[PDB]
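S.K.: To start, I am sharing the structure in question, which I have written as structure tokens.
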Amino acid sequence: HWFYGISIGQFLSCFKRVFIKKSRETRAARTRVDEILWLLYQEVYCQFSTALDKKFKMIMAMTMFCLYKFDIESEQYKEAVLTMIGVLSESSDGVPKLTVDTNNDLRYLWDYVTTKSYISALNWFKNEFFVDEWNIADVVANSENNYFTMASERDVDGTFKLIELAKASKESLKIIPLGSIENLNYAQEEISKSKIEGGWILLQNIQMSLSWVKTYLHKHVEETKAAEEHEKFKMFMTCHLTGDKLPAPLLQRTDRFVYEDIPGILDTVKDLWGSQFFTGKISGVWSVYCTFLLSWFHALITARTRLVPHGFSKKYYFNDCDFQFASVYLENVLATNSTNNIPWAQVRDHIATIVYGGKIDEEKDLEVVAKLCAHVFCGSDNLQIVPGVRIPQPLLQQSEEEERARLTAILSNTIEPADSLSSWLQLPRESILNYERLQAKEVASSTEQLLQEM
Amino acid sequence: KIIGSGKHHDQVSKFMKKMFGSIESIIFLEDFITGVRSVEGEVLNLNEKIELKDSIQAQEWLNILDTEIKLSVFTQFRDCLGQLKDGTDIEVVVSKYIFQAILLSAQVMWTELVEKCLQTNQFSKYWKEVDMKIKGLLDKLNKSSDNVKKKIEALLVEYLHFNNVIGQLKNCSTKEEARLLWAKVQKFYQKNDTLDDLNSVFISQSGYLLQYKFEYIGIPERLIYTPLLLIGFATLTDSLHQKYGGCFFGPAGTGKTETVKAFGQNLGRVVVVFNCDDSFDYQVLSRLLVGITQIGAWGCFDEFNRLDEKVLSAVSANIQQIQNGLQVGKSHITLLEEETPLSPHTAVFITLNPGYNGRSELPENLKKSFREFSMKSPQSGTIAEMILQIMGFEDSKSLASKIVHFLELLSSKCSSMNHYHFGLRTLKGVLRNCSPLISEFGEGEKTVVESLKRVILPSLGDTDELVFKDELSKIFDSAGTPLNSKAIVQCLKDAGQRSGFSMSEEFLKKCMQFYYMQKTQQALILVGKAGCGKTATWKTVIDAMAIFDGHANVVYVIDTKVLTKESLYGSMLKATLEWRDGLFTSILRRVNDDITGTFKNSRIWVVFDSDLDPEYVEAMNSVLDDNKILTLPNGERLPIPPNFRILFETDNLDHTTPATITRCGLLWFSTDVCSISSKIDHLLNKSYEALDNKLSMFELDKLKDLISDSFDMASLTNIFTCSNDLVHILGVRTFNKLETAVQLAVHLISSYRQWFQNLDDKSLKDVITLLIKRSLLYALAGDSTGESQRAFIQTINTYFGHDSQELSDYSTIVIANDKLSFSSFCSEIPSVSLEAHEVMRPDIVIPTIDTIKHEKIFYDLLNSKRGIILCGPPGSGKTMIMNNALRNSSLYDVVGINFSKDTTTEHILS
Ligand SMILES: Nc1ncnc2c1ncn2[C@@H]1O[C@H](COP(=O)(O)OP(=O)(O)OP(=O)(O)O)[C@@H](O)[C@H]1O
Ligand SMILES: Nc1ncnc2c1ncn2[C@@H]1O[C@H](COP(=O)(O)OP(=O)(O)O)[C@@H](O)[C@H]1O
Ligand SMILES: [Mg+2]
């Protein structure tokens, strides 16, 4: 992948830290060489896994655990774990050479894998490093660089996380979105004055201005080695993993990491519902109720988007533009029509086909969106979107503020069950198990292939 | 040029098409402007004539005319709407007003009436009224002129949309469902209590309102209204309401750009279409973008996904600038390094085609300002019913349902094949071929049956024909019969038996299918393995039609793959700026330009007699389509006359695109059109007629009688079946070796005509039989190992009669001028000695039995005027045997070309 580039200098700095990091006396590995090797593995995983996404985090953890335990442990361990990864991958099958009372943790791993709990089996290797994965706080504080790239997918943006960090980190995060030539000139003035003033600056969505970055930002960051001699400022970049390929030298000069934090369905509902009234009310009570239902539907559709090929046969990024268009349509239909609910039948067919079904190009996914809309919008005085919540229709006095408070209360009362992806969404649990088995198979195949090379 | 044309004022009309997009000319008066006329041909008369003094600038009077045409269109609309509201017949009002005005008046009246009809829920009366209006328009279409016919067809399209919507509303069970359906349908309204007349009429869809700008649109190609089209309109109006642009993406040929253009026409706008990936310069596009922003027109980027990366980035930046200015509401946006006003009525649409990587999406900077939508091919049944309703078909719903069911049934039951395509395109082809058949038989079910049998049946294989017949019988209750049978069948029999061809049932069937297919189709494809009879079939049909109608025929047989694209279509000297005709365009110009020759009363045929590939046919896809024009990359755009017909003679379609197969009438030869003992007879007659010019009468009659009765198919059928048992190097089926056998036999018989007059009948019969055996052996098993040749010799001596002179491995007729007997001998084994200095010359050969036999057969094949192919391992002696056979003779001179991994065709000529 174009984002996971690694250089010799970064590796050597990471190894330098192995000695220059007297945190806590680790496990007694006899000779000092073994302890240094273990610390090297720990530091490499702790630093260089931030620049990777979840799947490659798992792949790195498993591969480096295999590399370490193919030397520390015995053959009864090596062939056991080799056949174990063969079992996890769906390409091979068999029983490992389980030596009783000799490889205990391998027996816990066997208990995990037989119970078909793939996620815990893959997190076992991460747990065996006994190291806490660096959050962005650790990366921004520890790394002695002024430039970071915050990559992710198109579904989640970590701008709020960076805002929360920098508000708690010494001053004034300053968001500078790109776009038209006005945005470009504003950004260049802002950076030229912020390298002197020292405030942390952020560059949302670098990708759309790729041609600009190839010409202005590239040579700038490559030449401004005196920025470290300027005031202590930090320049951030937000990109997309699926986006266009950033230039290699620009990416190499800056630090990189991948923001992997998918909020829960209830968390997304709460965030959207909170943000909707921040801009102020537009119409009466029914507009508020329809906006609440639209927030629920948007959260459900976005959550189902991530699963593939279970749920949606592809990945359709439903951004906030779809929500805005659906909200505008809801306001229009509730303004032209009357207070009664009669036009629900046309609220669905427009939302399920025109605003949220426009991007869809397969009939199965269109059917999925249509049935989701039918479930969410068709309601008669009591709506059960997920099996844990019931939404009563507005009152008779039509007190809008009380209705908004009641909707907030009914959001706060409920909590998300651990099996929400099977209960809150309509797809079955066996579908989730198949998806997890597929991802575990991919991880095991990739790590075995890497093991063949190394 | 316009600036310098400020005195004549008549040179602007050339550029009116470019600067207005819809009107092609300005109709002048002696000193006034008396109107305009569009590309389709239609006089829009301005209410107020424009005076043109000599001192006035072109800019000023063009500016006044720009508003005058819109005001005239509104005046026509207002006059027409009132007349229609009065209750005037649509037929009496068609002849008065332009298509756009009558269209908008109709749409507004229909919306007004159906609103109250929906209020009262009485749809039957208005449905019947609209049906009567449609029938009146249909019968007036037959009695329409060349200009009014397009207007009537477009009004039929819109009126059938009206009737479809009214019927769907009638079938709705509940008022809620009826209003749901009414919301999606694009309704039209006008404000009776407003000023600024040009903003009176607007359009409401899904609750969103769009103003109707009264720009003249002419009489455009109206798209058939389908429930997938109105969803496209709803998506476009949803995007336009929030000021977002409009993006379509989907498979090519789904009419994305045509849907955008139809949306513009319904709103009264002409959409400026920027065509991409046509070596389209960026500066001209930037100028067009500035014009779009300043005027307020709608700009559609056709095939936007194919552009150079730098050009794509620049144009995306410009589009983002325009869209940001529209969304914010700011005026005077900054582009082209200039601040220019931005009219708020501007809009940008994009159509993205699927690339090599599969799906194509917008650049990142545009994804935040464009609402993408996925286009699909329409449902077959809906537009099938719509087209059948376009024609005067009764029970059009039932006919369309039956046709669609039959097509799906065929696709499910018939054996899979590469050219078997029963999608929507096949349906549209069936309906287009059904259209001209209405003159012969009426608009019943049997017309559809005949069109299906004339389109689908020829393209089907042998085993699927029975499926076609029985499913046609069990789906369509009535099975028709074809007319014009006796005359053309007799003419085909005459034109075939005149050329020696055998009128078997299969050959006559294929000829009849080709004749019926060419009756309506313009581009023909004939597919079948080598030797089926494609050339024989189409030549026989050409001769039959020449004898029948009396029209002369001009045939241009061109091999496409021999000639490069520059030679076939036309080459341009980019370094000297001259365009060369090429081959196809030269013979097209010789048709259009010339009139002295018999070119109006004659049928022109261009037979591409070679394998076809997508690269060659994509340069003439416009010829294949309904445009019927050859679009050269640079030069005049040639119109093909009705007589000009393109045929494709090939043997496979493993590389031809589905579009070409669907557009072109396909005739598939699943089997040989004649049996073995009909091709043999045809070749025998073709050789007898050649010998006839250099022989006496009685001798020739006796000789041909002996040749005919000497062999019979009873004995030869076993030989032809046994020849397949032999292993053949460079294998060719015996149906193609028959030519070599017959030609060699006849030539060998003819070569000894001097020694036949004084020859006894028994010895003469033995000579003829032996020579026939020799020819049969060297044609059927002539490409065998050499021991299998002896096995075939034993087979030959077995299956023929036991009394005729047996053929041995070396039996040759040697004739001496001093004796009269045939004196057949074999195995000479000559001897020769040579000096030391002659040990290596390029012409020294040691004569052995193999060398003599090979030389004799090679020379006999050469004298038969047929090409030879010597196939053997390296060093076997093919070149040596040729050069020895031709060095002895003083009639042939050898030219040795040595082919390599790539020898271009001009190497042979050089
Ligand atoms: N009706 C017929 N009766 C007898 N012989 C026939 C008949 N039709 C065709 N033939 C024989 O079959 C031959 C087929 O020639 P033709 O050029 O039509 O073949 P084709 O299948 O189109 O192949 P090609 O690809 O070589 O052009 C004719 O030359 C003739 O010898
Ligand atoms: N009967 C023969 N007398 C003399 N030379 C022969 C005879 N048969 C085969 N050869 C040799 O076989 C070789 C075949 O050469 P050539 O004709 O160039 O091969 P090809 O026909 O495959 O191109 C000749 O060089 C010749 O010397
Ligand atoms: Mg032919």
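Using ideal geometry, Cβ is built from the backbone for each residue, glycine included, and neighbour counts are taken over all protein chains shown. The numbers here are math on the coordinates, done by the rules we state, and not lab data.
S.K.: Taking 7 Å along the Cα-to-C-beta vector as the label spot, tell me the A:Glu430-B:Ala530 distance in nanometres, rounded to one decimal.
M.R.: Once both label points are built, they end up 5.7 nm from each other.
S.K.: Relative contact order for chain B: what percent, with Cα pairs under 8 Å and sequence separation of 6 or more?
M.R.: Averaging sequence separation for qualifying contacts and normalising by length gives 6 percent for chain B.
S.K.: The stretch A:10-89 to the stretch B:618-632: how many Å between their Cα centroids?
M.R.: 66 Å
S.K.: Charges at C-beta only: +1 for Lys and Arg, -1 for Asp and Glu. How large is the resulting dipole of chain B about its Cα centre, in Debye rounded to 20?
M.R.: 1620 debye
S.K.: Would you mind ranking A:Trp212, B:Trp538 by Cβ crowding within 10 Å, fewest neighbours first?
M.R.: Taking fewest neighbouring Cβ atoms as first place, the list is A:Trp212, B:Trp538.
S.K.: Could you pull out the trypsin sites (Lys or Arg not before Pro) across the stretch B:774-837 that fall in loop regions by DSSP (anything but H, G, I, E, B) with no more than 16 other Cβ atoms inside 10 Å?
M.R.: B:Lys819
S.K.: Determine, for each peptide in B:349-355, B:140-146, A:384-390, the mean count of other beta carbons within 10 angstrom over its residues, then list the peptides with the highest first.
M.R.: Ranked from most to least packed, the peptides come out as B:349-355, A:384-390, B:140-146.
S.K.: Nothing charged except the Cβ atoms of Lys and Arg (+1) and of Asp and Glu (-1): what's the magnitude of the dipole of chain A about its Cα centre? Round to the nearest 20 debye.
M.R.: That gives chain A a dipole magnitude of about 520 debye.
S.K.: In angstroms, what radius of gyration and Dmax does the stretch B:248-392 have, counting Cα atoms only?
M.R.: 16.7, 58
S.K.: Cross-link partners among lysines for A:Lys174, C-alpha distance below 16 Å, same-chain residues fewer than 8 apart left out?
M.R.: Answer for A:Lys174, where 16 Å is the Cα cut-off: A:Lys161, A:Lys193, A:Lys195, A:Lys232, A:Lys234, listed by chain and number.
S.K.: Also, quick follow-up: Once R0 is set to 41 Å, what does the formula 1/(1 + (r/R0)^6) return for the Cβ-Cβ distance between A:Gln324 and A:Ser169, expressed as a FRET efficiency to the nearest 0.05?
M.R.: 0.80
S.K.: Within a Cβ distance under 13 Å of B:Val114, other residues only, what is the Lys/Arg minus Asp/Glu net charge?
M.R.: Every neighbour counted, the sum reads +2.
S.K.: Zone of A:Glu402 (label point 7 Å along Cα→Cβ, backbone N under 20 Å): which residues in the stretch A:330-373?
M.R.: A:339-340
S.K.: Mind sorting B:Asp725, B:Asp197, B:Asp893 by how few other Cβ atoms lie within 10 Å of their own Cβ, fewest first?
M.R.: Result, fewest neighbours first: B:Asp893, B:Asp725, B:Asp197.
S.K.: Restricting attention to the alpha-carbon atoms of the stretch B:515-625, what are Rg (one decimal) and Dmax (integer), both in Å?
M.R.: Reported Rg and Dmax, both Å: 15.8, 51.
S.K.: Hey, another quick one. Quick one: Karplus J couplings for the stretch A:97-113, per residue in order, coefficients 6.51, -1.76, 1.60, θ = phi - 60°, nearest Hz, x for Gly and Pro?
M.R.: 7, 5, 8, 5, 6, 10, 10, 6, 4, 5, 6, 4, 5, 5, 4, 5, 6
S.K.: Sticking with this one: For an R0 of 51 angstrom, estimate the FRET efficiency from the Cβ-Cβ distance between A:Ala141 and B:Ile224 and round to the nearest 0.05.
M.R.: After rounding to 0.05, the efficiency reads 0.20.
S.K.: Here is a follow-up. Any idea how far apart B:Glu906 and B:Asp281 come out in nm if each label point goes 7 Å out from Cα toward Cβ?
M.R.: Spacing of the two 7 Å Cα→Cβ label points: 3.2 nm.
S.K.: Tell me the relative contact order for the stretch A:347-454 as a rounded percent, counting alpha carbon contacts under 8 Å between residues six or more apart.
M.R.: 15 percent
S.K.: Any chance you could check the Cα centroid distance between the stretch B:1-46 and the stretch B:600-616 for me, in angstrom?
M.R.: Using only Cα atoms, the two centres lie 40 Å from each other.
S.K.: In terms of modelled amide H atoms, which long-range or inter-chain residues lie less than 5 Å from the amide H of B:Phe188?
M.R.: B:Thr111, B:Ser204
S.K.: Give the long-range amide H neighbours of B:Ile558: residues separated by 5 or more places, or on another chain, with amide H under 5 Å away, using H modelled in the peptide plane at 1.01 Å from N.
M.R.: Answer set, sorted by chain and number: B:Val607, B:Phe608, B:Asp609.
S.K.: Specify whether the C-alpha gyration tensor of chain B places it in the rounded, prolate or oblate class, a ≥ b ≥ c being the square roots of the eigenvalues: rounded for a/c under 1.5, otherwise prolate if a/b is larger than b/c and oblate if not.
M.R.: Taking the square roots of the gyration eigenvalues as a ≥ b ≥ c, chain B is prolate.
S.K.: Give me A:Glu90, B:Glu68, B:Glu615 sorted ascending by neighbouring Cβ count inside 10 Å, so fewest comes first.
M.R.: Fewest to most other Cβ atoms nearby, the residues stand as B:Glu615, A:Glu90, B:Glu68.
S.K.: Please state the charge dipole magnitude for the stretch B:94-232, taken about the Cα centre, from unit charges on C-beta atoms (+1 on K and R, -1 on D and E), reported in debye and rounded to the nearest 20.
M.R.: 380 debye
S.K.: From the phi of every residue in the stretch B:177-182, what ³J(HN,Hα) in whole Hz does the Karplus formula 6.51 cos²θ - 1.76 cosθ + 1.60 yield, where θ is phi - 60° and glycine or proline is x?
M.R.: Computed from phi, the couplings for the stretch B:177-182 are 5, 4, 5, 4, 5, 5 Hz.
S.K.: Just to confirm my numbers, what's the Cα centroid distance between the stretch B:372-419 and the stretch B:508-532 in Å?
M.R.: 25 Å
S.K.: Projected onto the charge dipole of the stretch A:244-299 (+1 at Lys/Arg Cβ, -1 at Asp/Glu Cβ, origin at the Cα centre), which of A:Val288, A:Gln252, A:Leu272 gives the Cα projection farthest towards the positive end?
M.R.: A:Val288
S.K.: Local charge sum around B:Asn884 (other residues, Cβ-Cβ under 14 Å, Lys/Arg +1, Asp/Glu -1)?
M.R.: +2
S.K.: Could you state the principal axis extents of the C-alpha atoms in the stretch A:1-85, from the largest down, to the nearest angstrom?
M.R.: Between the extreme Cα coordinates on each principal axis of the stretch A:1-85 lie 36, 33, 20 Å.
S.K.: Okay, next question. Mean residue ellipticity at 222 nm from the helices of chain A, using -39,500 (n - 2.57) per DSSP H segment of n ≥ 4 over the full residue count, to the nearest 500 deg cm²/dmol?
M.R.: -17000 deg cm²/dmol
S.K.: Please list the non-local residues whose amide H lies under 5 Å from the amide H of A:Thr238, H modeled 1.01 Å from N, same-chain partners needing a gap of 5 or more.
M.R.: For A:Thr238, whose amide H was placed from the backbone, the distant partners under 5 Å are A:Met150, A:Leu203, A:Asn205, A:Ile206.
S.K.: Just going by the charge dipole of the stretch B:169-214, with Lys and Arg at +1 and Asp and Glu at -1 on Cβ, which of B:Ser206, B:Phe188, B:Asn171 is farthest out on the positive end?
M.R.: B:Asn171
S.K.: Continuing with the same structure: Taking the Cα-to-Cβ direction at A:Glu128 and at B:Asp761 and moving 7 Å from each Cα, how far apart do the two end points lie in nm?
M.R.: Taking the two extended label points, one gets 10.5 nm.
S.K.: Rounded to the nearest 500, what is chain B's calculated 222 nm mean residue ellipticity when only DSSP H runs of at least 4 contribute -39500 (n - 2.57) each, over all residues?
M.R.: So the helix-based figure for chain B works out to -15500 deg cm²/dmol.
S.K.: Can you work out the FRET efficiency for the pair B:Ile869 and B:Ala714, with r the C-beta to C-beta distance and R0 = 41 Å, to the nearest 0.05?
M.R.: 0.85
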